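Asks: Following this: a sequence and the matching experimental structure.
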Amino acid sequence: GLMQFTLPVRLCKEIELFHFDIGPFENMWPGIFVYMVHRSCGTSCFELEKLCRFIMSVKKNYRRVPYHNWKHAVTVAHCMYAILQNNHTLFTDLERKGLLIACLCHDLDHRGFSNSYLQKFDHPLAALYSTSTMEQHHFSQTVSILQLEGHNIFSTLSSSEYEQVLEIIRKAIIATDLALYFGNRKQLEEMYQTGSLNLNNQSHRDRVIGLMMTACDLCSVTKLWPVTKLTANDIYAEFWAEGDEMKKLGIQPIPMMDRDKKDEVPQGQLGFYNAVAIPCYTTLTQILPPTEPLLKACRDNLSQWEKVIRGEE
Ligand SMILES: Cn1ncc(C(=O)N2CCC2)c1C(=O)Nc1ccn2nc(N3CCOCC3)nc2c1
Ligand SMILES: [Mg+2]
Ligand SMILES: [Zn+2]
């Protein structure tokens, strides 16, 4: 109960900032996560014995893929931590519990392949879940780990609080399906402008949490340029592997997945920042003003991709 996690001074300071990189020392990521749960949620939000066993089972269930890996899980949880800490009063105790765990679990057992590749391959998961295929898998995997003897970090919730947090986690994980983000942000955009946005309305709260999950999921575009640039390599390592596998099914990959279009990457990043990233952080900043630093970091990185195209780097 009196056992706090403590970080070194540079991490103690930088972990509070949106652009923090969790670093290359894997053995520190669990401790970083528990630190964030303790400060965001409380030191008695979870039984430390059960949390530690939950964290290590989650880690074991992420795979050795270039991008959709354990580092990504913890990276996405830290962006949620920074959103939650900069918005103290807006979120319930259950939401602060549920959302960090959602973020840690949101890509559980990812194979490095898109929902489209599973469908075209005709993978079993594509028969079990017709839409948001991997995301329904990720929630399934989260429930299974929670049901391992000794892994129920939620045991000392009431019956209804337990059903509520699992529903928060399910919606949060489904919402990381980028196919659903476009419609979600347009709805939130209309509501905010016409003034109908209402945070006591549960269906509105759900939408807001959806956007937060997208914002945390894409947070590589909100880091310092060298982190953004080097993460993009990991993203394309998966994309181009999927493109190879499409060619093996005798399907031409979309340009995103085609290693033969390395040359156009800087222009592909522009479209992604303009069509997805900037709109996401803009609407998030309008709803939660203290998340402005994410939008400013994203615009800085947009400007860096513009410099690469103009040959300046
Ligand atoms: C940075 N970041 N973070 C998350 C994702 C992402 O989409 N998700 C889905 C799972 C992670 C990306 C990303 O890079 N997206 C994209 C999206 C479209 N395009 N289109 C090209 N190009 C077309 C022309 O030819 C060159 C490539 N690159 C990209 C890169
Ligand atoms: Mg995902
Ligand atoms: Zn993800």
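Replies: Arrived safely. Numbers count the residues shown, from 1 in each chain. Ligands and ions are numbered 1, 2, ... in the order given.

Asks: do stretch 210-218 and ligand 2 meet at all?
Replies: No. No part of stretch 210-218 sits near ligand 2 under the criterion C-beta under 5 Å from the ion; the closest distance found is 6.6 Å. From N, CA and C alone the C-beta is placed, and that goes for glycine too.

Asks: Render the CA-only coordinates of that stretch in PDB, please.
Replies: The C-alpha trace of stretch 210-218 is given here as PDB (Å, rounded to 0.1, in the frame of the first residue of the first chain):
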ATOM      1  CA  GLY A 210     -13.400   7.100 -29.300                       C
ATOM      2  CA  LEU A 211     -11.600  10.200 -30.500                       C
ATOM      3  CA  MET A 212      -9.200  10.100 -27.500                       C
ATOM      4  CA  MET A 213      -8.400   6.400 -28.500                       C
ATOM      5  CA  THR A 214      -7.700   7.400 -32.100                       C
ATOM      6  CA  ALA A 215      -5.500  10.400 -30.800                       C
ATOM      7  CA  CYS A 216      -3.500   8.100 -28.500                       C
ATOM      8  CA  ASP A 217      -3.300   5.300 -31.200                       C
ATOM      9  CA  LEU A 218      -1.800   7.800 -33.800                       C
END
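
Asks: Pull the residues that contact that stretch.
Replies: For stretch 210-218, contacts defined as C-beta atoms under 8 Å, 6 or more residues apart in numbering pick out 76-77, 79-80, 83, 99, 102-103, 106, 171-173, 175-176, 178, 180-181, 184-185, 188, 276-277, 280-281, 283-284, 287-288, 291, 294.

Asks: centre of the chain versus it, how much separation?
Replies: Relative to its parent chain, stretch 210-218 has a centroid offset of 6 Å by C-alpha atoms, centre = their mean, to the nearest Å.

Asks: Check whether that stretch comes close enough to ligand 1 to count as a contact.
Replies: Yes. Using C-beta under 6 Å from any ligand atom, we find that stretch 210-218 touches ligand 1 at residue 218.

Asks: Going forward, count from 353.
Replies: Got it, first residue is 353 now, which makes that one stretch 562-570.
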